[PDB]
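**Student:** based on what follows, work out the 3D shape:
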Amino acid sequence: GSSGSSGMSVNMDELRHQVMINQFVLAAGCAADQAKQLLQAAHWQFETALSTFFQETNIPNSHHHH
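**Tutor:** Numbering: from 1, shown residues only. The protein structure is shown below:
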């Protein structure tokens, strides 16, 4: 009940993203298209995305057959 406010001032939503992608691409050094995919496929979680991307060939195997 009762909605907050939402929207205050011009936000660099896109900018940030764009910058991020490039960054993530620079930080890592992969294709630019990857960034988006990664980010998007990582909720735009640079930290994580980067963490994962970096350690791709190494997943926290474990599973737990139900």
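**Student:** biggest helix in the chain by residues?
**Tutor:** When the chain is parsed with DSSP state H, its longest helix is helix 13-28.
**Student:** tell me the first helix or strand C-terminal of it.
**Tutor:** Next helix or strand after helix 13-28 toward the C-terminus (DSSP states H and E): helix 32-40.
**Student:** quick check: angle from that next one to helix 13-28?
**Tutor:** Using axes from the mean of the first three to the mean of the last three CA atoms, to 10 degrees, the direction of helix 32-40 lies 110 degrees away from that of helix 13-28.
**Student:** can you mark which positions in helix 32-40 are buried?
**Tutor:** Neighbour counts over helix 32-40 (16 or more other CB atoms under 10 Å) mark 34, 35, 36, 38, 39 as buried. Any C-beta I mention is one placed from the backbone N, CA and C, and that applies to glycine too.
**Student:** for residue 15, see how far away residue 27 is.
**Tutor:** In this structure, residue 27 and residue 15 are 17 Å apart, going by CB to CB, to the nearest Å.
**Student:** tally of neighbours for residue 49?
**Tutor:** Neighbour count for residue 49, taken as other CB atoms under 10 Å: 23.
**Student:** can you tell me the helix or strand for it?
**Tutor:** Residue 49 is part of helix 46-54 when elements are defined by DSSP H and E.
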